[PDB]
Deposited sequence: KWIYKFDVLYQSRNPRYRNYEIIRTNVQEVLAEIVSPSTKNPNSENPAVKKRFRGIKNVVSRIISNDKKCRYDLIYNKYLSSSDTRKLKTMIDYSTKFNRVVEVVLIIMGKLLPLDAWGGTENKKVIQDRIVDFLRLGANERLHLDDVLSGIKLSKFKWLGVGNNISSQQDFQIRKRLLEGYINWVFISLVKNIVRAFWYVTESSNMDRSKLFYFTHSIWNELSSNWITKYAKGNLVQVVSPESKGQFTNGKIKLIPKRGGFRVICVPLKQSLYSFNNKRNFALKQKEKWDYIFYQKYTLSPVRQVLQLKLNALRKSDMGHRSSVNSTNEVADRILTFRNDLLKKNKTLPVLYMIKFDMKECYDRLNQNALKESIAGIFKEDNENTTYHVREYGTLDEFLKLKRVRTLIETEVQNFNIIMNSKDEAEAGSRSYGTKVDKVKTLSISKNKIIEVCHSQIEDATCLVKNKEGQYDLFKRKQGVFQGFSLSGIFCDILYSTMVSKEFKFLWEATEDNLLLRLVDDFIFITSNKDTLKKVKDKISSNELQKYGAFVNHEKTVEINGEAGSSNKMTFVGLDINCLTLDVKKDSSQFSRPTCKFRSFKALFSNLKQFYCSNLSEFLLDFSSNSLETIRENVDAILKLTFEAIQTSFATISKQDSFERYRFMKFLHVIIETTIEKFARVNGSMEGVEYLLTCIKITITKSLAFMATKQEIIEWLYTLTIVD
């Protein structure tokens, strides 16, 4: 939990490698960072460590001198500036190859540190093996400093000593303390600075978030500018000079970019003039208060009533919350028609989706939409919601195993302020960011923008697809918000719904149908039967479903007994339990339950396979599998709450895990004791 990778991410800059040097500090400045990282003025330290100040001062000046004479210009051109105007297929093909970036990182590192600074040649390869490890680190993935030091022989650092071998115990304690400071300074101050100097590293919005992509600044600045000037024409406005400001962040896609705008806490000018650590502290703590007590309550009340709008109102019934609820509804529709027919008629189906649903959202229709769910109520009314708090605010007892209110007369005010005043900061060619508001839509990344689309399209479905609920036993649709699917039994109702999507009537709400991905399938015995909806392989005749079988790979179980099996699953359960998946703002609360079970299920059916293999050799103990479950369950609910910061539905998620594992233990009859233990989990 010492070396984090997010420090390197998203650091864009236009470099000039003619006069360039990575170390920005001096020999006396790095010295304090090595001997006493907590506080400066190493003269306060003990007299025995000053005895070795000369050696620590000597080696740093040598790598600095090498840094000053390091011809970065020749390195860039030789290894990572062979680009050509090829117009490659997909954005991630422009990235520097991972073998190349580690090569450039190491050869710069190699010419920076002499083997004295590496601690011999046998330690140099060890440190290099951890430098490539840090490069393989995912976006959120961290690295423990003790792991980095495992294998590095301290005795070989004679410049870290007085010049002789380790004499006493006290000499060992301080030499190790000095080694930690140095090695940590190597990665934080040099390694992270090396990658930051040459590559804009991004998060590769497609799957396997542990993969980071290294884009050369020259390449990236050309790629983003081209894409952002096309986006600016339709979506952005140059505006004149907080809580409605964010920094734009376009992440790669299949030949495109997904424009995310991560909100910014600092004010309009406290971001520019960052040289005051008195104002930014007073403003970054305004944002945390703005969310918990003013921005979270408005979001909580919106959803809490849309759940009653989705059930009661027929129009919002077509709106879905999770990917699995679409499968159930068609399977209930499958069984609903078999009440009287019992021989399913020829079915007709269509699928379509909206282009840039967030970026095209009609702001004027949005304000009317939110007013629609408050139209029935009064205006000077106050809704109530419960407080959740952070996982740090659970200090009743460590090692985990009330109300709040806001007036709806103000919640409608803060909604409009997020639709109107939302403005991003794109970096100009000069290098200084500019302010841009939105012509249409709302930024992807703003908290309220999530539910803003969910409520609009639910209103949209209600106000437009009124024909399709007359004799709903024949046909019914599901939203799954950015997609759409419709199932019918007669051509009469299919011809009427196809007209509306192919007409401009739907783009009043700001929803433009993507006709390029609009598929039609009929069970006419020769047209088609197989079709794939979002995560559902829906058959036009039997309505069977198997979702991917693919999205999370096999654990490739080979391990022996007893607890070597468990260890591999633990480390490769949290790795598949990325905090991007558990994001409450990005995905739905119900959708998190689905994917957390898929990660859960694959690591329990692989247990049963290799359970009987080593069952003859070793009989498992019914109390070593308990603490395994306790750790797996605890680390899941702790990861889910700490990523969001709130604890919305932590009990909800709790009695989904202990449910999906009580059914994954049907084998091994008389497993009662461990199953009964799963029930008591409440704290």
*Ranges of the deposited sequence (numbered from 1) for which no C-alpha atom is modelled*: 242-246, 407-440, 723-724
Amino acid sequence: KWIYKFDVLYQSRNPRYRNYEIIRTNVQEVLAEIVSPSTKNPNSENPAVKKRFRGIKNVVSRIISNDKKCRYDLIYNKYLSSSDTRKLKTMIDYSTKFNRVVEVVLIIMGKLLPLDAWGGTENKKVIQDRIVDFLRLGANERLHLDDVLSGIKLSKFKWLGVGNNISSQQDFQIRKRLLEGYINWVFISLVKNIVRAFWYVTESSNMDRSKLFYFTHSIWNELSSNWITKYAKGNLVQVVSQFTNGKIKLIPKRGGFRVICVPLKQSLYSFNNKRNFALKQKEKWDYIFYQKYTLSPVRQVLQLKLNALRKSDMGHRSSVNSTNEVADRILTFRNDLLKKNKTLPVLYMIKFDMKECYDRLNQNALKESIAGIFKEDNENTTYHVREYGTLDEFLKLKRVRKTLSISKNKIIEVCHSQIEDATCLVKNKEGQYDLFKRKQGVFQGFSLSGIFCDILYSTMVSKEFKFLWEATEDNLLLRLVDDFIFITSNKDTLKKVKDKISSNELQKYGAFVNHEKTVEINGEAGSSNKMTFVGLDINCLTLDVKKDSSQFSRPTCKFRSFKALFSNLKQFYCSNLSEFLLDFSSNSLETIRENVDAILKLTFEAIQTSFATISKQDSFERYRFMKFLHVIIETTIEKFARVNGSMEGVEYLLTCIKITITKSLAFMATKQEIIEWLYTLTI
From here on, numbers count along this sequence of modelled residues.
*Give the stretch, out of 515-523 and 269-277, with the larger mean C-alpha temperature factor in the deposited entry.*
269-277
*Of 447-455 and 147-155, the one with larger mean CA B-factor*: 447-455
*Taking the values straight from the PDB record, which of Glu122, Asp597, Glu579, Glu420 has the highest C-alpha temperature factor?*
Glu579
*Among the candidates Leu306, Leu137, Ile607, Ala197, give the one with the maximum CA B-factor reported in the record.*
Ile607
*Quick one: classify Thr25 as lowest, middle or highest third of the chain based on its Cα B-factor.*
middle
_By the recorded C-alpha temperature factor, relative to the other modelled residues in its chain, which third is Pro252 in?_
lowest
*Report the third (lowest, middle or highest) to which the CA temperature factor of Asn19 belongs, ranking only the modelled residues of the same chain.*
middle
*Ordered by C-alpha B-factor within the chain, which third holds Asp67? Give me lowest, middle or highest, please.*
lowest
*Third assignment of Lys57 from its chain's C-alpha B-factors*: lowest
